[PDB]
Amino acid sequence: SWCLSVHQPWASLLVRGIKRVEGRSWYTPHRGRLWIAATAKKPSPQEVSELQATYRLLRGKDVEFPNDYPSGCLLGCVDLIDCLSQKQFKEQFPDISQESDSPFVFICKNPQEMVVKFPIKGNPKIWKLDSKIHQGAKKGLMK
């Protein structure tokens, strides 16, 4: 099983479905389930408030944000349906293409958030989950 580390608060917005794409400077052929881990970098409470304000405008004034954006832990997963270039992204998702300017744009569907979030240390790019933590995360989803 494969994982991507993402800075908070974006990491929790991805597993909640509020943020629908993730931009990177590199391509991956990976498709299917992609676990999402928060990096260790803690966001300032104003950074959280400004991002929350922006996503209310993009999604609707009553979007339900997570109460906490925990760092350094495994949060849940998405289905990585495509890794588009910025050109393909503008072509295929005109309504949200403004939401990432990155060279490659990861299209995420079916987000799932873990109720119990396990501590983890991440790596660059797409990296392989340890079996013991992946086993626990799979059993946490099926509850």
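A residue's number is simply how far along the shown sequence it sits, counting from 1. Basically, rigid core = biggest C-alpha set you can superpose within 1.5 Å across the two forms.
Root-mean-square C-alpha deviation from the shown form, taken over all structures in 7 other deposited structures of this protein superposed by the rigid core, is larger for 61 to 69 than for the alternative among 61 to 69 and 30 to 38. After superposing on the rigid core, the larger RMS C-alpha deviation in 7 other deposited structures of this protein belongs to 51 to 59, the other candidate being whichever of 105 to 113 and 51 to 59 remains. Relative to one another, 54 to 62 and 36 to 44 have unequal mean CA B-factors, and 54 to 62 is the one with the higher figure. Averaged over CA atoms, B-factors in the entry run higher in 130 to 138 than in the other of 130 to 138 and 14 to 22. Among 104, 69, 93, 118, the highest C-alpha B-factor in the deposited entry belongs to 93. Sort the chain's modelled residues by C-alpha temperature factor and residue 77 lands in the lowest third, per the entry.
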